[PDB]
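Chains as they are written, first to last, in PDB author numbering: chain A, 52 to 204; chain B, 409 to 503, 656 to 764; chain C, 663 to 713; chain D, 460 to 503. Positions of the beta carbon are idealized from the N, C-alpha and C atoms, including for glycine. Below: the structure, in structure tokens.
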Amino acid sequence: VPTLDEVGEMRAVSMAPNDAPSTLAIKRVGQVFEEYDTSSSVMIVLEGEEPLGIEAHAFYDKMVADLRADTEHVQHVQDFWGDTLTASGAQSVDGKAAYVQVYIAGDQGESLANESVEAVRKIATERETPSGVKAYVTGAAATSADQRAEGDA
Amino acid sequence: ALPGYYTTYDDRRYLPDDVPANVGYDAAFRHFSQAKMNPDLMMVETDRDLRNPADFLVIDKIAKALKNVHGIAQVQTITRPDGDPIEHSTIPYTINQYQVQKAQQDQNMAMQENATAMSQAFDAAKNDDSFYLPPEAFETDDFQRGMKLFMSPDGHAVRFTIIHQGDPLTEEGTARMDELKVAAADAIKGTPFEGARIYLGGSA
Amino acid sequence: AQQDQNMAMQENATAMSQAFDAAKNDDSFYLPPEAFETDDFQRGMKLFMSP
Amino acid sequence: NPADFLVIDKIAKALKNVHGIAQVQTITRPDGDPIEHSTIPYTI
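Structure representation (structure tokens):
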């Protein structure tokens, strides 16, 4: 059989129990609104040097399209920065950053969630970005995935 | 050392900085605040459509009750799309012979000016004591887009995004949940929303 | 046309009253002196208030 | 008189807002609900 590290990586266990009220609440929200059925989410952060402009909006929209295209991992994306009504909440006070919350397949800790986080990072990083704009995938699920990866390392 | 013992739940403190999660956290904390990266979600579900002003009043009451809780920075929802009250929503905002007639016309314009001053004063101070959304505003596409994000397709439930003050992954951050649930339950009391189901979720 | 505008404004005021009644809002309160003379409050004030 | 009725309704609201109290009825709330056509916006 393979090494213990690989087997442990491919047989991870979700950190939260199913009976946990928080997980139940998140799944209830997902199923009621008919958007998703997971319980783990990550927040992609677009940081810019100068205040973000229209080209930043175009890049953001293209990235959102790419995310929503991949139905395997990404289940639902709420583009608050995209709509003008809620655009104030997403963008920072200085106007040099903006974040979008993305739901990934699989619950936190579980290997499926780690794979989904890796796919999200790949999508957010591989695309050519406007000069001065950088993408960073952060959040609780990303932190859990990094924790497991560093322990195994 | 027993009395001073305490625990924290933020795993970014237990990792090297070079990891991608720590880098993203560093960027976000440079620009945003910490609580925004780990928000909360609350869903109040009923059995009837809430896409009408009468239920909007109760929804805004619930939002105010949630925000007034200690340690909660801002709450955004269908009645507060960007965390601030919707503009032009306060009640005060809603509030020879020819020569004689013209003077009354001039007086009316001055009274019209007076009402504008009060509206601007209430808008600038972000007052939120009173609230009313006229039925016409429900027809505008701006609220059509909003109601498809913060409300279910059948309109039986509405989601709230709750953002803490400071780091939300501390002991107090985990202890604020019961206060929020109690506040929501008390806000619902006495309204047609009685009998609803409340779900609280998020990292905390 | 000004008369029609007044009626439309009158309709608008009714909608707000109906919304506040349906929502059972209780933030503000005022009972006009005339309503005190109605027999409905006369019966009530003899039950919940001393003679 | 209305002036004291304002204070009475304030007391009733303060009592109802207390945790664990379902409904409070009084001269300003004969059936446990606010009297219809009593809100200021109604007058407006």
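| Query | Result |
| --- | --- |
| Proximal residues to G190 of chain A (C-beta, below 6 Å), its chain only, five neighbours per side dropped | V93, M94 |
| Three-state secondary structure (DSSP) of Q484 of chain D | coil |
| Residue nearest to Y501 of chain B in terms of C-alpha spacing, selected from B:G762, B:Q667, B:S679 | B:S679 |
| For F437 of chain B and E696 of chain B, the rounded distance between their alpha carbons | 40 Å |
| Alpha-carbon to alpha-carbon, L474 of chain D and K708 of chain C | 22 Å |
| DSSP three-state assignment for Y187 of chain A, whether helix, strand or coil | strand |
| Secondary structure of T498 of chain B, DSSP reduced to three states | coil |
| Contact with chain C by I480 of chain D, beta-carbon distance below 8 Å | no |
| Cβ-based neighbour list, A156 of chain A, same chain, cut-off 8 Å, excluding 5 preceding and 5 following | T89, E123, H124, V125, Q126, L163, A164, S167 |
| Anticipated Cβ contact below 8 Å, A747 of chain B with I470 of chain B, distance rounded | 5 Å |
| First through last residue of the alpha helix (DSSP H) which encompasses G733 of chain B | 731-748 |
| Own chain residues within Cβ distance below 7 Å of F703 of chain C, not counting five before or after | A697 |
| Cα-Cα separation between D457 of chain B and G715 of chain B, rounded to whole angstroms | 5 Å |
| Near-chain B residues of the segment 56-87 of chain A (beta-carbon distance less than 8 Å), N- to C-terminal order | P72, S73, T74, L75, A76, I77, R79, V80, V83, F84, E85 |
| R719 of chain B: first and last residue of the uninterrupted beta strand (DSSP E) it sits in | 717-724 |
| Sequence-distant residues of its chain with Cβ nearer than 7 Å to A193 of chain A (five each side left out) | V93, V168 |
| Residue-chain proximity (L465 of chain D, chain C), Cβ-Cβ < 8 Å | yes |
| Rounded straight-line distance, which links the Cα of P461 of chain D to that of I480 of chain D | 26 Å |
| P68 of chain A burial status per 10 Å Cβ neighbour count (16 or more: buried) | exposed |
| Chain-ordered chain B contacts of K475 of chain D [CB-CB under 9 Å] | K749, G750 |
| C-alpha gap between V80 of chain A and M451 of chain B, whole angstroms | 7 Å |
| Cβ neighbours of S763 of chain B in the same chain (closer than 6 Å, five flanking residues each side left out) | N446 |
| Close Cβ partners of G761 of chain B (< 6 Å) along its chain, the five nearest in sequence each way excluded | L449 |
| Other residues of its chain near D688 of chain B: CB distance less than 7 Å, five sequence neighbours each side excluded | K472, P493 |
| Distance between beta carbons of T751 of chain B and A685 of chain C, contact taken as under 8 Å | 7 Å |
| is_contact[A677 of chain C, chain B] using C-beta, thresh 8 Å | yes |
| Cβ of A745 of chain B within 8 Å of any chain C Cβ | no |
| Supposed close pair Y759 of chain B, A76 of chain A - CB separation, criterion 8 Å | 4 Å |
| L118 of chain A and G146 of chain A closer than 8 Å at C-beta | no |
| Below-8 Å beta-carbon distance, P500 of chain D vs any chain B residue | yes |
| DSSP beta-bridge partners of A149 of chain A | A:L97, A:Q142 |
| Inter-stretch contact (C-beta, 8 Å, three-pair minimum) for the segment 96-113 of chain A and the segment 177-191 of chain A | yes |
| Alpha-carbon to alpha-carbon, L410 of chain B and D134 of chain A | 51 Å |
| The beta strand (DSSP E) enclosing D448 of chain B, as first and last residue numbers | 448-453 |
| Where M711 of chain C sits in the DSSP three-state scheme | coil |
| Chain B contact for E177 of chain A (CB, 8 Å cutoff) | no |
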